[PDB]
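Quick notes on the structure that follows.
Number of protein chains: 2
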Amino acid sequence: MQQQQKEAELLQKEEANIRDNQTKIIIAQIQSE
Amino acid sequence: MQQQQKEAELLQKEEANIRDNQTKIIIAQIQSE
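Taken in order, these protein sequences are the chains called O and A. Taking the authors' numbering, the leading residue of the first sequence gets 707, the next gets one more, and so forth. Taking the authors' numbering, the leading residue of the second sequence gets 707, the next gets one more, and so forth.
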């Protein structure tokens, strides 16, 4: 369960980075209009 | 209880990142007007 919560942290951090990444390209698209 | 408070930290951090990102795209929309 240490391992489970640790990999939960890992997947949280990678998906947080991903979400920030789509929103970065989204603001780029918004300003490209 | 340690596990519960630690995953509480995790969910607070992910939702805080989501909120900041949402307001980033919101200000992008505001300035796109």
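A virtual CB, placed ideally from N, CA and C, is assigned to each residue, including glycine.
Item, Value
"Straight-line gap, residue 711 (chain O) to residue 717 (chain A) (C-alpha atoms, nearest Å)", "12 angstroms"
"Short Cβ contact (8 angstroms threshold) for residue 725 (chain O) with residue 732 (chain A)", "no"
"Per-residue contacts from residue 731 (chain O) into chain A (C-beta, under 9 angstroms)", "Result: empty, since nearest Cβ-Cβ is about 11 angstroms, beyond 9 angstroms."
"Test: residue 714 (chain A) CB closer than 8 angstroms to a CB of chain O", "no"
"Beta-carbon gap between residue 707 (chain O) and residue 708 (chain A) smaller than 8 angstroms", "no"
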